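Single-structure report; data block below.
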2 protein chains.
Amino acid sequence: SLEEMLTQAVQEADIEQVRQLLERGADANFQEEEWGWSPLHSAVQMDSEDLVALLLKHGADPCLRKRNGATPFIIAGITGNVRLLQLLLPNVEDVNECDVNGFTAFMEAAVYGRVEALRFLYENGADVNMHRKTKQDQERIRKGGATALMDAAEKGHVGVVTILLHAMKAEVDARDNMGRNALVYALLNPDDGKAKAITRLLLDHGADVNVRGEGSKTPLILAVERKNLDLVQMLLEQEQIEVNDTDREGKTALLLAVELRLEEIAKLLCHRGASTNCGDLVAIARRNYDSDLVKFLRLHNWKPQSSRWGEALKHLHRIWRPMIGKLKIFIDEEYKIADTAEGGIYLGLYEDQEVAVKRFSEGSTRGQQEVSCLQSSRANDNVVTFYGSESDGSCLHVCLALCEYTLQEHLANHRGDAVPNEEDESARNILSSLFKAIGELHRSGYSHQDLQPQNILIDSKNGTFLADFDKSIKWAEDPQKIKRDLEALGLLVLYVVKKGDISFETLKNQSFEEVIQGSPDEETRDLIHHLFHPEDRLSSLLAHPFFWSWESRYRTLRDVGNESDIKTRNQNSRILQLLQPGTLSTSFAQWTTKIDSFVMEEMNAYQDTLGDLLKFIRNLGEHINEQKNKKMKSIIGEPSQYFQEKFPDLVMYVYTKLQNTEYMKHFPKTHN
Amino acid sequence: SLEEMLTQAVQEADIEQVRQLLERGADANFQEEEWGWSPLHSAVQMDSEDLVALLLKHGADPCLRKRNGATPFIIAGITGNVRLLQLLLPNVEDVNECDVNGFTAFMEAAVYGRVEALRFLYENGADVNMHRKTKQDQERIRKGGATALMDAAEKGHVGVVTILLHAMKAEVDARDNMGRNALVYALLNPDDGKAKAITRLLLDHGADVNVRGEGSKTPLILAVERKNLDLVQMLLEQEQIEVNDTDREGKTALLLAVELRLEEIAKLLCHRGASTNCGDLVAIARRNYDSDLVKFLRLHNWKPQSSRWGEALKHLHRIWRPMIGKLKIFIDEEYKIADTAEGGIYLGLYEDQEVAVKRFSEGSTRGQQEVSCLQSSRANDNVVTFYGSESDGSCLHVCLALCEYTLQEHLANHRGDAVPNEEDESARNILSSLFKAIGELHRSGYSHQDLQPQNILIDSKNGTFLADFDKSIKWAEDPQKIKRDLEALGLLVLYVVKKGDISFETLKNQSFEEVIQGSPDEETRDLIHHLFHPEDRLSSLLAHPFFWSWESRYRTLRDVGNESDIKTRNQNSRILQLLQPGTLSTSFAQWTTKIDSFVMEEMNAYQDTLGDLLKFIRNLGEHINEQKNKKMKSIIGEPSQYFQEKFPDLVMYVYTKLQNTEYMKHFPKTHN
């Protein structure tokens, strides 16, 4: 805290405390860590000559460089104080020294409009036409190479431009690495009057009128887009100008002129030799309601991916619209996807991609929670994909991936697909996606407060996606509220499982008790139970046998019945000691009798213990397909289904018993 | 082609042919399908009175509405021809009729600056202070409700504003649905001189100076941002103005003034009672190099998710930078990720999210192929996630998801993890991702011409992502070139499999023959073979046993050896007729001898046929764990590994034989 005390002394311009701290022996070259600023730099910045000398007195280095490589002599070009430049110059070996980005003291004087300091540097040996030498990464992308003239052209210092061109023998048509010259930079200046001067100055000195900036915009084009008649005239007076040149989109200056309702500028361009085959101009002017320009001008493949929305998208790509940023959109019933509590969901095109657009008041608080969440959710594969947002003056457009059907529609549409008791694989695929969806959302610290089946969407590929966050929150604030998603998830597990025959509204007016009851099976009940009463909760439920395929459950039960300790009926064994330490209201107490009479006997050639039942199943499963057992096979049907239908608590029981044991291995390989 | 012939007749102003086509009896009310335009509308638009009468003569409906609900009388307000309004008025029941968006003929006259037509409508019974009544969706997001004054204020028609305020008893402080009044709209007009007039006019008539537009900007703020001293003065003269109010980000007008280097505007605000505790203005002005303003002003927890890049991100969030659009970025070695052929890969913050930024020349052709591909790849979960792009003048910033390690680094970092012969599950997880990555890329019509291991990235979660598309192409053009990705994929399969001990450069200078040879197993060879010689190719290779786990392969071989036809050795069977129609250079010819002497004998209590071998394995696998077989178990080890190591061509052979048969069922459940 010696040079730290010196830093604030210099910031407050407190000169006697600087001298005391300097005579106390505090470092006059001390550079602060972040940006490498020294007391001398600080001084020159703040325009204080008493401090500047007092530092050079006590041994300050005027060649010292802060993080961007600039010296106090370079800084002196910014502030524009000539005595401060004079004062320093004896210790400056090279006057054309420069920072990392190639800014010399003279350039900085040109940038910042400092004429006396500009004149001074010229007289002392400054290179006027020096191009900025900048970093490797910066040059390989063609940045850098700007000259002092270009700076004064961009910033609009006319005094300096005049002085450069005439007195200081400055090259007018000199170019930076992108190919731009001062004329280009000059048309970028927002101030009309200053821009109009510098253009004339540059054109009179012979600056090249056919050049290109960003876009491949020509000066002529920049001027059209700026909507300035005077700058257009001034450029069109050069008779060597190429009026029929086109910017990167293939657009000629005429085209734009008509597009932007610029009558006088368009007419003027036509006279000066522009062509009418640069695009339909007649239609555009009509469109615009340019009565006179229409008069004047007369006298002179895309494939959508969506099936449900393909036709309308084609027509939206076809028709002419103005962009809102990167969003082409039209509000009209033909392109409406759904009502909302605010602005509806419409079809839209985004960076040429099909997108459903959720429209809000820009000022809406719900709309703000939405874009906030979706911004944090880009990596989440099971959240509807997020393209971006665009404001016009008044609406906030939220662009999302465009799916085919809400869940509720999907389940209705595919309600006829399955035969009566058929295993429901896709319920598992729908639900397992949302678990991961909500899992990752919770991890991002966001909770989705309105889980319901219209918020869930199913794409063309049958992928399922969690999708609306206007009422979401950072659960960080009130961790109690994470529960509400897990509850809703529970209703959703039954909703899906029951194929959509029960409404979600019915499910919302039942109690936990009623729902659990309404569930068709024990897996489904235990899953919903755990969702009502619990983080990695959701990931740790994907291992749940609810998500095990029927062949996996049958595979598991067999692999257990193949433990030798089960086969020999070693009642002292560890595995058995898990499954059945002596007293059952289960469905597999007295199991030998609820089996068919035929099959049981054949197999006997077997007690009511659970161990024997798993023994039984293993056997049945190995041998069932042998030719000798034709009747067995015919009676049982599909064995996995036989045993589940027969003993609906079996699998859960077994799962529960071996849950965290070494016999987990026999569970089916699962998500992690 | 009768009213179609009439439409072009009217467009070309060809009056006699219009009369002939009208006397021929062609529909004078015909509305073209797309936008609902009629000959009468067309006429009024184009400002032609001979045609307008001639149409009303032959029975044209002047109350007819095109798609946006506008009538020819509404259109007449746009064109601003008073005789044309007079001519039509007898048939116009309501003069304040309006289109779907609530634009009346008078509003359109105010919008388009048509005074004579404005005066005429007033005198005929137009409502001056009518608010636009617009659609349900539009009103729930608070658009609409704009008045004729607001339109003329926005568009900068000063004549009309004067006329409205004085002669036509227009309400000055009237508000649209967002809460905006004409003063707000007037500060939006880019023309300084026209804006300055309308503000004075509005303020003199008592327009409310404390109001809010977008942002939640006050007039005062809009003016600061416009950088207009004169509009600031004009507003600050109202002594009831709230200078200390803040826009939606919490920013006061002073703050912005200092932020934008506005000395005179800031000083003026301070005098007019603004506060200095609106944020660190001293530091900002220093930063800016506002020497005098610094003088004037002296008188008077964010958490990154990345582990490798956390520290630097923190410091990038901490420091002050100007936004490039939605990208906060600083070029400095501390925040550099990698060199490139152009602008490097730097750290960046995007909508407050951490992103790696791939920097190009805006004009670069490679850079254009990149953003083009990534825009089409948002739905692809194995492509590095795409945030968006931002141009400054000269660099094209491509913002991507920020991962921890390139593949090449990852494999080096985890090279110590596995014990010598350990099953490599993560090679399968790395490769299976890229298959799906390149699969979906090919399906989007894009091909990635430079597949190599630095183009592959591994996130914090160990997810793997395909990522460099600067050299990608639409393969549509030259479908021969899709083959080059699959080739590279082949080198990659070996690169990954060999844990990264062989370089990719070595792999690039081998022949197909050499690579296949360098492969450690038969699965790996057949996968690479197929990748050298083949757009669902890639999806149909995910079923490949190369991606089967060792337990799956053992599970499969057993499930086959459990076919009864194998057990009875029914040589006439279908399954056996697949596996072994008679004469083998395989490793399972004479298999009974390459097995251990002990184990073979025990099991015997078995020919050299492939059927018997699968019989053998099934048996071994069921019974191996029984207590009696302790030595068997000790000798064999893990049975899946035993049999693979012993017979390295076995699984491929079996796969090949039953590949498209009904015995596919015994293959392990796979990706689809």
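Ordering of the structure tokens sets the chain letters (A, B, ...); residue numbers start at 1 within each chain; ligands are numbered from 1 in the order shown.
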Item to complete: Identify every residue of chain A that has at least one atom within 6 Å of any atom of chain B, counting only C-alpha atoms, and report the result as a PyMOL selection string.
Response: chain A and resi 46+137+140-141+291+342-343+360-361+564+626
Item to complete: May I have the residues within 12 Å of region 440-448 of chain A as a VMD selection string, using only C-alpha atoms and disregarding those fewer than 5 positions away in the same chain?
Response: (chain A and resid 369 to 370 372 to 384 433 to 435 455 to 456 466 to 489 535 to 539) or (chain B and resid 303 to 305 353 461)
Fill in: Minimum-distance residue to residue 544 (chain A), chosen among A:333, A:171, A:423, A:526 (using only C-alpha atoms)
A:526
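The protein and nucleic acid residues lying at most 12 Å from residue 412 (chain A) are residues 405, 406, 407, 408, 409, 410, 414, 415, 416, 417, 495, 496, 498, 499, 500, 501, 502 and 503 of chain A, with only C-alpha atoms considered and sequence neighbours fewer than 2 positions away removed.
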